[PDB]
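A single chain comes next, written as structure tokens; it is the form deposited in one PDB entry.
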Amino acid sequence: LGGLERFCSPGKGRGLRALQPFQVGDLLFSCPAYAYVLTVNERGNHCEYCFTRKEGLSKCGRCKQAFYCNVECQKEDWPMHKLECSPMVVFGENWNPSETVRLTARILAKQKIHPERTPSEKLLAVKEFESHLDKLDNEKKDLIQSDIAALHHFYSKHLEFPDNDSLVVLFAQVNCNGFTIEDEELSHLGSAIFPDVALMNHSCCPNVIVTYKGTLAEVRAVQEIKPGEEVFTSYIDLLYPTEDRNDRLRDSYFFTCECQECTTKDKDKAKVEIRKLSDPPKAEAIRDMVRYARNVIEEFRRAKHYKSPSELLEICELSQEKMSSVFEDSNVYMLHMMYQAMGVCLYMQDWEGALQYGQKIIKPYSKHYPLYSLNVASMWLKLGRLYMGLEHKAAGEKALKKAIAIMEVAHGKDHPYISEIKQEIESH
């Protein structure tokens, strides 16, 4: 694809570089999804085939668990829908495959249907994906085996499975190159595989941002890219300090980042901000809170699957109180709990609580992320839609206009999401 090229990136394997300049907001390229799945919770909200968010969604009369825009989207999805239609109804409540198993089954399907290079593989092919097979611990290798067992159990009707456990190779490849599709509010819509998009290496200070216009991945410049510069995306959440960022990257992607931010650690001091207070906190007292903060984060990750919403908020308020003694309110570990608490109030349809948390987050949040960040665009959007809901038309408009500003860069001026937000301002 024009104005870019695949190249050998010293110490980063294969990569994508520019052959022409790209300005802030310019679309480098699009990539139609090679394989994709609409997440189970978004059924009836989005079209299974084109991911269009609409209300007049017609049901699959054969499974009553697949929705479409019309009969053509339904017919166009049947080669992929075939995999789950009858099994969902025949397996009944016993039908529980994870999204990774759902996705991998559609990759195997695509490889049988269309074995030749797809328009999504102009620079990187699915077969050429990096696996990191050789660095997997037994715990990880066992987690892939669960997924393989699950593949065989639910998708054996139409699929012929490959040469021993070269399914381990494929499952390690989808873990390494697999994409999750999120909406305007960064809510999970599904999983997909974008091969050319997967060629891009990581930077904690990227020059590009991946957005989705249905099942189509779009790459837009968030910094100026000049000929010969490598195009880098972020694989992870850029709020956390160097250690946390690299702890996630090493775990999920088996590499350590050495970008300007991870080298310099410049933004680290501000990220884990400490209170100025009479008799400043001791060097060890700081390290003790970081360990607590990082453990309460994981404890919360578990607690959501098995605790009441009023219990979840209690975890948030209690942990914020312990942390507040050492940590300032701008600290990323404090801002996470506030983000968690806002999420709960939103679930409980507590629009005041959600707004009080948003307002408390946004200013310090904006500061901690790059200039064009999907996290802060989404946060400004949540805040705007909350204000607008609570009939605060002035503040709601400021917030929605702030979101539109970041969004016109990453998503593009003509994005369906921008047109939706503009209508929210125009009516109320």
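Shifts are known only where both forms have a C-alpha. Don't overthink the numbering: it's just position in the shown sequence, from 1. So that the term is clear: the rigid core is the largest set of C-alpha atoms that superpose within 1.5 Å between two forms.
- The mean Cα B-factor in the deposited entry runs higher for 345-353 than for the other of 345-353 and 104-112.
- Comparing 379-387 with 54-62, the stretch with the higher mean C-alpha B-factor in the PDB entry is 54-62.
- Residue set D247, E182, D77, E314: peak C-alpha B-factor at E314 (per PDB entry).
- In the deposited coordinates, the residue among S203, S308, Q340, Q173 with the greatest CA B-factor is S308.
- Annotation for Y369: CA B-factor lies in the middle third of the chain's modelled residues.
- In the deposited entry, the Cα temperature factor of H81 sits in the bottom third of values across the chain's modelled residues.
- Per the deposited record, the Cα B-factor of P195 falls in the lowest third when ranked against the other modelled residues of its chain.
- Per the deposited record, the Cα B-factor of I361 falls in the highest third when ranked against the other modelled residues of its chain.
- In this PDB entry, the Cα temperature factor of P119 sits in the bottom third of its chain's modelled residues, the lowest group.
What comes next is about the form deposited with a partner chain bound, which is not displayed.
- Contact check for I274: every heavy atom lies farther than 4.5 Å from its partner chain in the deposited bound form.
- Interface residue remark: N375 is counted as part of the site for its partner chain in the deposited bound form, having a heavy atom within 4.5 Å.
- Within 4.5 Å of any heavy atom of its partner chain in the deposited bound form lies no heavy atom of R291.
- Although the partner is absent here, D329 lies well away from its partner chain in the deposited bound form, with no heavy atom inside 4.5 Å.
- The candidate stretches are 228-236, 307-315, 280-288, 321-329, and the one lying within 4.5 Å of its partner chain in the deposited bound form by heavy atoms is 228-236.
- Interface residue among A125, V169, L186, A270 relative to its partner chain in the deposited bound form, by the heavy atom within 4.5 Å criterion: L186.
- When its partner chain is considered in the deposited bound form, only one residue from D165, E182, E121, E76 comes within 4.5 Å through any heavy atom, namely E182.
- Looking at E72, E160, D163, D137 after a core superposition between this form and the one not shown, you find that only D163 has a C-alpha shift of 2 Å or more.
- In sequence order, 163-165 is the sole run of at least 3 consecutive residues whose Cα positions differ by 2 Å or more between this form and the one not shown once the rigid core is superposed.
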